Each structure stands twice: as C-alpha cells, then as structure tokens.
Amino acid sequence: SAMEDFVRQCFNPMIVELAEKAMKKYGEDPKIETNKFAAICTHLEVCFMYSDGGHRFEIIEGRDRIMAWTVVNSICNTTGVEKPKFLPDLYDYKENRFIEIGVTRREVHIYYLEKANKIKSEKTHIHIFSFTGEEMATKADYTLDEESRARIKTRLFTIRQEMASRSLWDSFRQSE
C-alpha cells in the first residue's frame, strides 16, 4: 500500500515504531488500517512537537499505560491536580493542568465538542488542530506561542499535501 510507504518515509522511525506497537497491542495491523496508522503517527508527532515547544511539558502520550499512569499519578501527588479518568496527552507545569491534544480532518469545533463530551472534566485543557491551519482550545487559551503553533500547523498542512500528492488525502479525510 502507498499509505504505509508514505508513513514510513515521512515519519521518524521512533514515531513509526511507537504507532506500530500501539496498534499491534490491540490486534490491529498497520498494513490494513493504513489511515489509522497515519493518524496515530501524526498525533504522536504533534504531541512531541508540542512538548518540545517548551522543560514545561510532560509527555503522557506514547508511553505504555503503566509508565503513563505512573507519570500522571506522580504529577497528581506532587501538585494536587485531580486525576483524569482518561489518559491525557501532556501536562503543563506552567499552567499546572493536563492537556488533551486533538488532530482532526473535520471541523475543529465538531472534534472539540466530541472531545469535551468525552473527557467531561473542565480541568483537562483541550487543544484541537486541523490540517487547514485552524485550531480550537479551551477558553481560547492556546497555551503555546504563535511560532510553536505555526510550526505544528505547517507540519500538519505538509502531511496533508504529501498525502494529496500521492492521491491519499481523499481516503484519509473520509476516514475519521
């Protein structure tokens, strides 16, 4: 498949290996769920760029569940922040809050409403990125500076356009 080829060419080997183990754990093959493969890789990469945009951020995403819940619990015991019911993506030590990162092929406000209805904790901050340079965040507080968010949005647009040059974007956007 071309989608798997694109994933292995454009994403860093570490991100690809993380996405593959995350899928293989639940019985999913990246050679069939190729759009899900690309989506996991893209989300992981966004989380890592977000965390490097500051150290200000703790990466929860990408860790095995044991190590991730260990990190979340250590944060909760040293800070007193309430424990999330779902594993979030990052922790902001400056704002002292968990962040849930979303990357959507659809409208930012659709996905934002979906995520907010999912987590149901006003504590966890929501930040949604689109592939069109659009973004939506809790209380319109975008946490990061304009340069870091422009970095993320450029990378997302580039993934979309490299998918389009391979005639893969149409499959990808109708797959969420």
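Counting begins at 1, following the sequence as shown.
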Between 108-116 and 41-49, which has the higher average C-alpha B-factor in the PDB entry? 108-116
Using only C-alpha atoms and the B-factors in the entry, which stretch averages higher, 25-33 or 146-154? 25-33
Temperature factor at the Cα of residue 76, chain-ranked in thirds, falls in the highest
So, residue 67's CA B-factor, relative to its chain, sits in which third? The highest
Using the B-factor values recorded in the entry, state whether the Cα atom of residue 15 falls in the lowest, middle or highest third among the modelled residues of its chain. lowest
Split the chain's modelled residues into thirds by Cα B-factor; residue 100 lands in the lowest
Assert third(CA B-factor, residue 176) within chain per record equals highest
